[PDB]
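Engineer: Dropping in data39.pdb, which is PDB, C-alpha atoms:
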```pdb
ATOM      1  CA  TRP M 495       2.366  15.835  29.727
ATOM      2  CA  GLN M 496       0.407  16.950  26.662
ATOM      3  CA  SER M 497       3.321  16.709  24.248
ATOM      4  CA  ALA M 498       4.272  13.244  25.495
ATOM      5  CA  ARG M 499       0.663  12.161  25.137
ATOM      6  CA  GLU M 500       0.798  13.337  21.526
ATOM      7  CA  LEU M 501       4.023  11.408  20.970
ATOM      8  CA  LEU M 502       2.528   8.188  22.311
ATOM      9  CA  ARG M 503      -0.528   8.989  20.212
ATOM     10  CA  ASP M 504       1.627   8.999  17.098
ATOM     11  CA  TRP M 505       3.778   6.018  18.060
ATOM     12  CA  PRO M 506       1.093   3.363  17.432
ATOM     13  CA  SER M 507       0.365   5.125  14.174
ATOM     14  CA  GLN M 508       4.053   5.457  13.352
ATOM     15  CA  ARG M 509       4.813   1.735  13.309
ATOM     16  CA  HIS M 510       1.462   0.836  11.772
ATOM     17  CA  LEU M 511       1.942   3.154   8.801
ATOM     18  CA  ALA M 512       5.670   2.484   8.404
ATOM     19  CA  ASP M 513       4.748  -1.174   7.922
ATOM     20  CA  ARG M 514       3.348  -0.221   4.511
ATOM     21  CA  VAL M 515       6.675   0.948   3.039
ATOM     22  CA  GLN M 516       7.490  -2.151   1.006
ATOM     23  CA  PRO M 517       4.026  -2.424  -0.585
ATOM     24  CA  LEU M 518       4.530   1.197  -1.567
ATOM     25  CA  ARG M 519       7.841   0.312  -3.231
ATOM     26  CA  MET M 520       6.231  -2.225  -5.552
ATOM     27  CA  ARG M 521       3.283   0.101  -6.080
ATOM     28  CA  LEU M 522       5.487   2.983  -7.209
ATOM     29  CA  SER M 523       7.601   0.720  -9.407
ATOM     30  CA  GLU M 524       4.509  -0.730 -11.076
ATOM     31  CA  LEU M 525       2.943   2.677 -11.710
ATOM     32  CA  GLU M 526       6.227   3.800 -13.215
ATOM     33  CA  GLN M 527       5.559   1.443 -16.115
ATOM     34  CA  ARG M 528       2.230   3.173 -16.581
ATOM     35  CA  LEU M 529       4.136   6.434 -16.886
ATOM     36  CA  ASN M 530       6.741   4.975 -19.226
ATOM     37  CA  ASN M 531       4.318   3.155 -21.505
ATOM     38  CA  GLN M 532       1.969   6.131 -21.672
ATOM     39  CA  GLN M 533       4.902   8.259 -22.779
ATOM     40  CA  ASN M 534       5.989   5.638 -25.318
ATOM     41  CA  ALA M 535       2.528   5.292 -26.837
ATOM     42  CA  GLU M 536       2.319   9.080 -26.923
ATOM     43  CA  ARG M 537       5.452   8.972 -29.037
ATOM     44  CA  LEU M 538       3.982   6.323 -31.322
ATOM     45  CA  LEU M 539       0.739   8.199 -31.900
ATOM     46  CA  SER M 540       2.505  11.507 -32.531
ATOM     47  CA  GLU M 541       4.859   9.809 -34.986
ATOM     48  CA  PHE M 542       1.902   8.273 -36.798
ATOM     49  CA  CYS M 543       0.031  11.573 -36.996
ATOM     50  CA  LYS M 544       3.143  13.099 -38.531
TER      51      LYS M 544
ATOM     52  CA  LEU B 841     -11.656 -24.625 -78.733
ATOM     53  CA  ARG B 842     -13.776 -26.806 -76.452
ATOM     54  CA  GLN B 843     -10.689 -28.801 -75.508
ATOM     55  CA  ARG B 844      -8.993 -25.464 -74.873
ATOM     56  CA  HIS B 845     -11.971 -24.602 -72.681
ATOM     57  CA  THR B 846     -11.669 -27.774 -70.648
ATOM     58  CA  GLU B 847      -7.933 -27.300 -70.116
ATOM     59  CA  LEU B 848      -8.224 -23.614 -69.261
ATOM     60  CA  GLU B 849     -10.976 -24.672 -66.871
ATOM     61  CA  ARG B 850      -8.606 -27.155 -65.247
ATOM     62  CA  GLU B 851      -6.043 -24.388 -64.788
ATOM     63  CA  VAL B 852      -8.617 -21.904 -63.509
ATOM     64  CA  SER B 853      -9.925 -24.534 -61.098
ATOM     65  CA  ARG B 854      -6.404 -25.002 -59.782
ATOM     66  CA  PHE B 855      -6.005 -21.259 -59.260
ATOM     67  CA  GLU B 856      -9.453 -20.930 -57.683
ATOM     68  CA  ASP B 857      -8.555 -23.662 -55.213
ATOM     69  CA  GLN B 858      -5.071 -22.354 -54.472
ATOM     70  CA  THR B 859      -6.679 -18.996 -53.721
ATOM     71  CA  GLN B 860      -9.418 -20.598 -51.629
ATOM     72  CA  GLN B 861      -6.930 -22.285 -49.317
ATOM     73  CA  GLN B 862      -4.232 -19.596 -49.443
ATOM     74  CA  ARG B 863      -6.625 -16.914 -48.250
ATOM     75  CA  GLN B 864      -7.634 -19.053 -45.288
ATOM     76  CA  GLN B 865      -4.013 -19.356 -44.206
ATOM     77  CA  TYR B 866      -3.202 -15.686 -44.625
ATOM     78  CA  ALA B 867      -6.423 -14.429 -43.071
ATOM     79  CA  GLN B 868      -5.501 -16.695 -40.165
ATOM     80  CA  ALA B 869      -2.056 -15.101 -40.202
ATOM     81  CA  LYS B 870      -3.470 -11.605 -39.786
ATOM     82  CA  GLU B 871      -5.929 -12.996 -37.222
ATOM     83  CA  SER B 872      -3.227 -14.478 -35.011
ATOM     84  CA  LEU B 873      -1.419 -11.187 -35.496
ATOM     85  CA  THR B 874      -4.466  -9.371 -34.149
ATOM     86  CA  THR B 875      -4.412 -11.703 -31.158
ATOM     87  CA  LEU B 876      -0.809 -10.696 -30.526
ATOM     88  CA  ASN B 877      -1.680  -7.033 -31.047
ATOM     89  CA  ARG B 878      -4.294  -7.432 -28.333
ATOM     90  CA  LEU B 879      -2.026  -9.303 -25.932
ATOM     91  CA  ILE B 880       1.520  -8.022 -25.984
ATOM     92  CA  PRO B 881       1.576  -4.225 -26.131
ATOM     93  CA  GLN B 882       0.944  -3.768 -22.414
ATOM     94  CA  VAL B 883      -1.261  -6.645 -21.314
ATOM     95  CA  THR B 884       1.627  -9.100 -21.325
ATOM     96  CA  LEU B 885       3.424  -6.673 -18.989
ATOM     97  CA  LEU B 886       0.702  -6.076 -16.377
ATOM     98  CA  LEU B 887      -0.567  -9.565 -16.835
ATOM     99  CA  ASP B 888       3.083 -10.415 -16.386
ATOM    100  CA  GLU B 889       1.874 -13.374 -14.303
ATOM    101  CA  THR B 890       2.676 -11.691 -11.003
TER     102      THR B 890
END
```
Would you encode the structure as structure tokens?

Structural biologist:
Amino acid sequence: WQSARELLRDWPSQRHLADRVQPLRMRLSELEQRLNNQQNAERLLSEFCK
Amino acid sequence: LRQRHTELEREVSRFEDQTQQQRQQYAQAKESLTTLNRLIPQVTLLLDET
């Protein structure tokens, strides 16, 4: 009884949160460019300082 | 020598003018370049018109 209640507790949450996957895809892709460009500019500045 | 003065003055006037315009154009060149420097490096990529 208790376990099943916990399962059906999660189930609403499960679908609701899984809906967000695709937004998260674009989010992660977009932040990747932050990573990449930060690294690139780090190059550039180090090369200049040299 | 006064005729020399007038002719040298003509030439110097020409150079003064040529400089006066020229510098406008090339200052504007570096200015537009600054505009690009502001825009492209990352802004064109996050303002990628999503």

Engineer: Show me a table, sorted first by chain and then by increasing residue number, of the residues of chain B having an atom at most 12 Å from chain M, each with its shortest atom pair and the distance in Å to one decimal, counting all atoms listed in the file and written as JSON lines.

Structural biologist:
```
{"residue": "B:881", "atom": "CA", "partner": "M:531", "partner_atom": "CA", "distance": 9.1}
{"residue": "B:882", "atom": "CA", "partner": "M:531", "partner_atom": "CA", "distance": 7.8}
{"residue": "B:883", "atom": "CA", "partner": "M:531", "partner_atom": "CA", "distance": 11.3}
{"residue": "B:885", "atom": "CA", "partner": "M:527", "partner_atom": "CA", "distance": 8.9}
{"residue": "B:886", "atom": "CA", "partner": "M:524", "partner_atom": "CA", "distance": 8.4}
{"residue": "B:887", "atom": "CA", "partner": "M:524", "partner_atom": "CA", "distance": 11.7}
{"residue": "B:888", "atom": "CA", "partner": "M:524", "partner_atom": "CA", "distance": 11.1}
{"residue": "B:890", "atom": "CA", "partner": "M:524", "partner_atom": "CA", "distance": 11.1}
```

Engineer: Assuming 6 Å of padding per side, give the centre and edge lengths of the axis-aligned box around every listed atom of segment 508-521 of chain M, in Å to one decimal and as AutoDock Vina command-line options.

Structural biologist:
```
--center_x 4.7 --center_y 1.5 --center_z 3.6 --size_x 18.4 --size_y 19.9 --size_z 31.4
```

Engineer: So how far away is atom CA of residue 843 of chain B from atom CA of residue 857 of chain B, in Å?

Structural biologist: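 Between atom CA of residue 857 of chain B and atom CA of residue 843 of chain B the gap is 21.0 Å.
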
Engineer: State, in Å with one decimal place, the distance from atom CA of residue 872 of chain B to atom CA of residue 884 of chain B.

Structural biologist: 15.5 Å

Engineer: So how far away is atom CA of residue 862 of chain B from atom CA of residue 848 of chain B, in Å?

Structural biologist: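 Between atom CA of residue 848 of chain B and atom CA of residue 862 of chain B the gap is 20.6 Å.
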